[PDB]
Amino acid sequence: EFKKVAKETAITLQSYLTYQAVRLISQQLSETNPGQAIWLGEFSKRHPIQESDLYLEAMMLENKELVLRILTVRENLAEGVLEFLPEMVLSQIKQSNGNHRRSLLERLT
């Protein structure tokens, strides 16, 4: 059942945490190096960040130092967030479900 889904999910997280790394970096850069922050946003315009690898591939050709920073940042981000994810997602679902099904229930009366 699961391993098929769990894999697809993991790919999705891989791309998403990359996007988050870029955001994190984009924000620091908007303060520290406006020129770079603008460049990075212009790049994200010409390149669909969801294809995380094609994205990083292209950038390697244009700006080696930045993609090197993305690679590090996303790993650290990953480590720091992946710890508490199982529990959060599980309880949030259990809540949402509870809400939705009692929502439906009074929504009848």
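Heads up: residue numbers just count along the shown sequence, starting at 1. For clarity, a rigid core is taken as the largest C-alpha set superposing within 1.5 Å between two forms.
- Stretch comparison, 4-12 versus 98-106: after rigid core superposition, larger RMS CA deviation in 6 other deposited structures of this protein is found for 98-106.
- For the pair 83-91 and 18-26, the record assigns the higher mean C-alpha temperature factor to 83-91.
- Compared with the other modelled residues of the chain, the Cα B-factor recorded for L66 ranks in the middle third.
- Looking at the C-alpha B-factors along this chain, the one for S44 belongs to the middle third.
- Sort the chain's modelled residues by C-alpha temperature factor and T72 lands in the lowest third, per the entry.
- In the PDB entry, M60 places in the highest third of its chain by CA B-factor.
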